[PDB]
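**Student:** need a 3D model of the sequence below.
(chains A and B)
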Amino acid sequence: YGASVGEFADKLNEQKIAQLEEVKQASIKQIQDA
Amino acid sequence: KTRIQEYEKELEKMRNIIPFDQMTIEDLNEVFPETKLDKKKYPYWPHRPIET
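**Tutor:** Residues are numbered from 1 along each chain as shown, chains lettered A, B, ... in the order given. Take a look:
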């Protein structure tokens, strides 16, 4: 199973940065809207 | 106009930040005080409530 173990780390890190970056991309447009 | 000025100040402050790939928990602590796990109510680990 050792050859399919980086995918869990991917889901742990890529999505962690994904939620932050979508928050940022939404916040910039929110300030634009204001 | 004063509110507008404050809104730009916020806008560039938010737009000018380092890529997350190098950032640190401290970076989100300063830029976003919403990530600060208030020790004034949750001292012991994990600070964030266990029921969440």
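
**Student:** can you list the residues of chain B near chain A?
**Tutor:** B:7, B:10-11, B:14-15, B:20-21, B:28 (CB under 8 Å from any CB of the partner chain). Where you see a C-beta, it was placed from the backbone N, CA and C, and this is true even at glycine.

**Student:** what's the burial count for the nearest residue to residue B:37 once chain neighbours are set aside?
**Tutor:** Excluding the flanking residues, the one nearest residue B:37 by CB to CB, 6 or more residues apart in numbering or on different chains is residue B:47, at 3.7 Å. By other CB atoms under 10 Å in any protein chain shown, the residues close to residue B:47 number 13.

**Student:** and what of residue A:24?
**Tutor:** 16.

**Student:** and the helices in the chain?
**Tutor:** No chain was given, so I picked chain A. Taking DSSP state H to define them, one finds helices in chain A at A:6-33.

**Student:** hmm, I had chain B in mind actually
**Tutor:** Using DSSP H, helices in chain B cover B:2-15, B:25-31.

**Student:** can you redo the ones you listed as CSV with mean neighbour count and distance to residue A:9?
**Tutor:** CSV is the format used below for these (neighbours: other CB atoms under 10 Å in any protein chain shown; distance: least, CB to CB, whole Å):
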stretch, mean neighbour count, distance to residue A:9
helix B:2-15, 11, 29
helix B:25-31, 12, 18
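
**Student:** let me have the ones you listed in TSV, extended by distance to residue B:38.
**Tutor:** Shown next, in TSV, are the helices of chain B (distance: least, CB to CB, whole Å):
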stretch	distance to residue B:38
helix B:2-15	23
helix B:25-31	12
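
**Student:** quickly note the distance from the residue positioned nearest the centre of chain B to residue B:23.
**Tutor:** Among the residues of chain B, the one closest to the centroid is residue B:32, at 1.3 Å (CA atoms, centre = their mean). Computed as CB to CB, to the nearest Å, the residue B:32 to residue B:23 distance reads 11 Å.

**Student:** how about the residues of chain A by chain B?
**Tutor:** Residues of chain A lying near chain B (CB under 8 Å from any CB): A:17, A:20-21, A:24, A:27-28, A:31-32, A:34.
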